[PDB]
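Participant: Part one of the assembly, not moved from where it sits:
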Amino acid sequence: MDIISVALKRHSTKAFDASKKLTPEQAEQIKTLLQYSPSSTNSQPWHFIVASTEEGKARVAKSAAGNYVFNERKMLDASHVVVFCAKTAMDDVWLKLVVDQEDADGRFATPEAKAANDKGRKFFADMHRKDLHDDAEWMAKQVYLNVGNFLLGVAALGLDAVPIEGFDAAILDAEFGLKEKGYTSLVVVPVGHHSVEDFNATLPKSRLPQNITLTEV
């Protein structure tokens, strides 16, 4: 509405209404938000698993079977459950896939502009995978940027969601065969409509005062 109005009214939902499914239109919009999120050098080091079926959702809920049981209902009652994944290593095949896609979309006027752009991405990529040896952590951050974009995007659509770190990535990666494919699960985000059992919806929002976290100059 006010994007500040949605920012202030949104909340991580604790209980979902199993009966409230997303319309095919919202299911499409939600996917658009996942795809069009920005990332450093437009590297898009990610993969998304959108579960809509009960068998699919239950497959995801398998990762919270351990000591994260209090999270299962959340992944089952929600309409769609999206698991954000990040690349395990930045490879040359992925970088070529990006600039070639940028070229296909008409972003370069000459072949030199494309070369310069590829060289520029390589500068950052090599800085992480060659020098600092932190390319995996680098890419993981880009996915979290996407989740942040996503959580605000859904709230603005009028949908309820909750980010979940409380799940076993080892089991999740195993169940979907990810990272044989070069990926690792990071965040599981259930999307749908909240029920009445969600007490968090009627509680006041809480954040530290700006005089603690903000410095103006």
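Facilitator: Nice, thanks for sending it over. Residues are numbered from 1 along each chain as shown, chains lettered A, B, ... in the order given.
Participant: Centre-most residue in chain A?
Facilitator: By C-alpha atoms, centre = their mean, chain A has its centre lying nearest to residue A:147, at 3.5 Å.
Participant: so how far is the helix or strand containing that residue from its chain's centroid?
Facilitator: Per DSSP states H and E, residue A:147 falls inside helix A:135-157. Relative to its chain's centre, helix A:135-157 lies at 5 Å (C-alpha atoms, centre = their mean, to the nearest Å).
Participant: same thing with stretch A:152-169?
Facilitator: Stretch A:152-169 sits 9 Å away from the centroid of its parent chain (C-alpha atoms, centre = their mean).
Participant: follow-up on the earlier one: separation between the residue nearest to the centre of chain A and residue A:20?
Facilitator: To residue A:20, residue A:147 is 22 Å away according to C-beta to C-beta, to the nearest Å. (Each C-beta comes from the backbone N, C-alpha and C, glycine too.)
Participant: wait, isn't residue A:33 in contact with residue A:154?
Facilitator: Yes: applying C-beta atoms under 8 Å, one finds residue A:33 in contact with residue A:154, separated by 7.2 Å.
Participant: ok, the two, which is more surrounded?
Facilitator: residue A:154 (24 against 18; other C-beta atoms under 10 Å).
Participant: picking that back up, list the buried ones in the helix holding residue A:147?
Facilitator: For helix A:135-157, the neighbour count (16 or more other C-beta atoms under 10 Å) marks A:135-136, A:138-140, A:142-143, A:146-147, A:149-151, A:153-155 as buried.
Participant: Which residues does it contact?
Facilitator: Contact with helix A:135-157 is made by A:1, A:3, A:6-7, A:9-10, A:26, A:29-30, A:33-34, A:37-40, A:43-46, A:82, A:84-90, A:125, A:128-129, A:160-161, A:163, A:186-187, A:189, A:191, as judged by C-beta atoms under 8 Å, 6 or more residues apart in numbering.
Participant: Downstream of that helix, the next helix or strand is which one?
Facilitator: strand A:160-161.
Participant: Mind listing the strands that following strand pairs with, and their directions?
Facilitator: strand A:183-192 (antiparallel) (DSSP bridges).
Participant: How far off centre is the strand it pairs with?
Facilitator: Mean-position distance between strand A:183-192 and its chain equals 6 Å (C-alpha atoms, centre = their mean).
Participant: how about the CA coordinates for the helix or strand just after that strand, as CSV?
Facilitator: Moving toward the C-terminus from strand A:183-192, the next helix or strand (DSSP H and E) is helix A:210-213. Output of helix A:210-213 as CSV, limited to C-alpha atoms (Å, rounded to 0.1, in the frame of the first residue of the first chain):
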residue,chain,number,x,y,z
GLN,A,210,17.3,4.0,15.5
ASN,A,211,19.6,5.8,18.0
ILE,A,212,21.4,2.4,18.6
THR,A,213,21.7,1.1,15.0
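Participant: Chain B next, sequence below:
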Amino acid sequence: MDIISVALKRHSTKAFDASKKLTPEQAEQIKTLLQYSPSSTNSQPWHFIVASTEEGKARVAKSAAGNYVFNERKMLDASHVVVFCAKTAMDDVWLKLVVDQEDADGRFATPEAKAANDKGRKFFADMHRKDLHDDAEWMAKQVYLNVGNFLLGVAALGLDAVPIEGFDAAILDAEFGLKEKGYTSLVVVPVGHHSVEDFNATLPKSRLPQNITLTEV
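Facilitator: Chain B goes in next, on the same frame as the chains above:
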């Protein structure tokens, strides 16, 4: 005009118009955006620096040195410049500051409900802090989540912005004494209004197809 339109039309502005400044209401709005962002266990492991004066922006612009001289113009021409910083380590006092804030906000019905939220947080904290030994990374991921929330947010307000990783953190940290305060600059986001020289405002948007990044189940 819904958010999908907002996400499709926004772009990483390459050139800023120094004459077009943020309105006073817009200044308080981007601050509200920064603070009201979600984060794992509401840990809010962050600090921000909002530079709006010539003196402040030049101080940040110092980080745009050596190999990053190409980003100096963006930091000086943008109306406001936000430096997203993350805590260098999770200390018990900060965990206490968070719990007591939620309490003063009325999020707890009983004192036993407040303690349960504390141990719930400490659980995740000690997980990264003690076990995994990756709390610095964990907290930075929450800061990248704020950037994703912030980027979509300012775009929704009608502003132009650009995430910048290309800058020397060691210079920026030292210029603001962040180091001794337990923080580290990670992302710089100049916000304002793009100028006619911003070629990125007219080029087509490019993202990989969903048949590569998305898997439905």
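Participant: Neighbours of the nearest residue to residue A:139 once chain neighbours are set aside, how many?
Facilitator: Leaving aside its sequence neighbours, residue A:139 sits nearest to residue A:45 (C-beta to C-beta, 6 or more residues apart in numbering or on different chains; 3.7 Å). If you count neighbours by other C-beta atoms under 10 Å in any protein chain shown, residue A:45 ends up with 28.
Participant: ok, now residue A:110?
Facilitator: Residue A:110 has 8 neighbours, counted by other C-beta under 10 Å.
Participant: Need the phi and psi values for it.
Facilitator: Dihedral angles of residue A:110 (phi, psi; degrees, to the nearest 10) stand at phi -130, psi 170.
Participant: which residues touch it?
Facilitator: Neighbour list for residue A:110: empty [criterion: C-beta atoms under 8 Å, 6 or more residues apart in numbering or on different chains].
Participant: Against chain B, how distant is it?
Facilitator: Applying C-beta to the nearest C-beta, to the nearest Å, the value for residue A:110 to chain B is 13 Å.
Participant: Residue A:121: helix or strand, and which one exactly?
Facilitator: Following DSSP H and E, one finds residue A:121 within helix A:111-126.
Participant: in that helix, what's buried?
Facilitator: By 16 or more other C-beta atoms under 10 Å in any protein chain shown, the buried positions in helix A:111-126 come out as A:114, A:117-118, A:121, A:124-125.
Participant: Now do it: distance to the chain's middle.
Facilitator: In terms of C-alpha atoms, centre = their mean, the gap separating the centre of helix A:111-126 from the centre of its chain is 26 Å.
Participant: cool, and stretch A:190-198?
Facilitator: The chain centre lies 19 Å from the centre of stretch A:190-198; the measure is C-alpha atoms, centre = their mean.
Participant: Is chain B within reach of that stretch?
Facilitator: No: applying C-beta under 8 Å from any C-beta of the partner chain, one finds stretch A:190-198 separated from chain B by no less than 13.7 Å.
Participant: Can you tell me what sits against that stretch?
Facilitator: Residues external to stretch A:190-198 that are found in contact with it (C-beta under 8 Å, 6+ apart): A:13-18, A:20-22, A:30, A:74-75, A:77-82, A:154, A:159-162, A:164, A:201.
Participant: try 7 Å
Facilitator: By C-beta atoms under 7 Å, 6 or more residues apart in numbering or on different chains, the residues outside stretch A:190-198 that reach it are A:13-17, A:20, A:22, A:30, A:74-75, A:78-82, A:154, A:159-162, A:201.
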